[PDB]
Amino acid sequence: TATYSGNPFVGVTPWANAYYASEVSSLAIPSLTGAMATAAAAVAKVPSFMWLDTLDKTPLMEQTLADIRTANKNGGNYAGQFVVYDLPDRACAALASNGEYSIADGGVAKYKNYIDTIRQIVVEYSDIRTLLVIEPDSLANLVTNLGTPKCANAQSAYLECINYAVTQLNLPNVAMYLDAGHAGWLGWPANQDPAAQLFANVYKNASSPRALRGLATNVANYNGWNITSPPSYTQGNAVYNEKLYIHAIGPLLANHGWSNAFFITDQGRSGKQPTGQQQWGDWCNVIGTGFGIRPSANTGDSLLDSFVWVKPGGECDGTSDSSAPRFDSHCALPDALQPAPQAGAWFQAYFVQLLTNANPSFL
């Protein structure tokens, strides 16, 4: 029912989910006062993506869609936003078990079962335009980290699972964006063609799904969308911002069989530039960051359908507790804010950092 032509971000308004709002209102605001407290309330109204990082999270997707249907009945013209993120052997670059499913233990079949639940929900809510980011930090690893055994070994499963997801969720009311890393990852000249080739193959191998509108970039990262001066940590890379990245890989996708591919770029933590990153590859709770460009389709650039907030600012990227099961050394680096909770959990000091260094400002 909620069909569309062209940019799926035009004609609708991204829904600011209750999940994130609860975090800010119940875990953050009670700790703030005056200006900060009032500004914080505003942050909760900015639409961000809901991550379906576990099967147990799927019922939350239906609830969100239920809320949206109710709102749309009242003049609402809202669209849901979700991230498909539960591949077996997820985040293959990290040694420890990151997700609930593993290839060795029927992971691929379990992934398909996971996708089946999501399809049924989307079919039931075909009246709601659904914008999805497909598996962040998966395909990019296949381009650069095959040197890591866990990734090399996961290649086959990743491609089969992603194909299932893209074909099963190829519905009239859906717009999918395949995660494509970011400028400091696949933006480097040397990685551009191999990346473009892989993405185009995924598209074609899925029979050029109508719903697969393009690629998502900078998900959970901090690059600027259009900064004018190269940060020191970008040394050597001419593609030092997301705009440069999408303009470099876009034509290449076409050369490899994928025309009319558009993009969406995360700017949820890109507001302060340069960042406090001492190394471009440092991705955990980076210090010196702020909320960035607000979600909007008025990008002024043909290739970008919209600025978006995929990674919800305030939700931790990983714990700094060295004895924690999924501890990652990247979260204990000097350019990473500490002490930090487990991935996904609320990290108050980080939320305050983002709010404080926000541009546009909330204060």
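Quick note: we count residues from 1 along the sequence shown, nothing fancier.
S.K.: Mean CA temperature factor from the deposited coordinates, higher in 318 to 326 or in 63 to 71?
M.R.: Result: 318 to 326.
S.K.: Looking at the entry, does 183 to 191 or 138 to 146 show the higher mean C-alpha B-factor?
M.R.: Stretch with the higher mean C-alpha B-factor: 138 to 146.
S.K.: Out of 306, 338, 48, 33, which shows the largest CA B-factor listed in the entry?
M.R.: When the deposited C-alpha B-factors of 306, 338, 48, 33 are compared, 33 is largest.
S.K.: Sort 241, 277, 234, 156 by C-alpha B-factor from the entry and give me just the highest.
M.R.: Going by the entry's C-alpha B-factors, 156 comes out highest.
S.K.: Sort the modelled residues of this chain by their C-alpha B factor and say whether residue 20 lands in the lowest, middle or highest third.
M.R.: CA B-factor rank for residue 20: middle third.
S.K.: Using the B-factors in the PDB entry, rank residue 113's C-alpha atom against the chain and give the third, lowest, middle or highest.
M.R.: Ranked within chain, residue 113 CA B lands in the lowest tercile.
S.K.: Lowest, middle or highest third: where is residue 348 by Cα B-factor in its chain?
M.R.: As the PDB entry reports it, the C-alpha B-factor of residue 348 lands in the lowest third of its chain.
S.K.: Where does residue 39 sit by CA temperature factor within its chain: lowest, middle or highest third?
M.R.: Highest third of the chain for residue 39's C-alpha B-factor.
S.K.: Select lowest, middle or highest to describe the third in which the CA B-factor of residue 52 falls within its chain in this entry.
M.R.: According to the entry, residue 52 has a C-alpha B-factor in the chain's lowest third.
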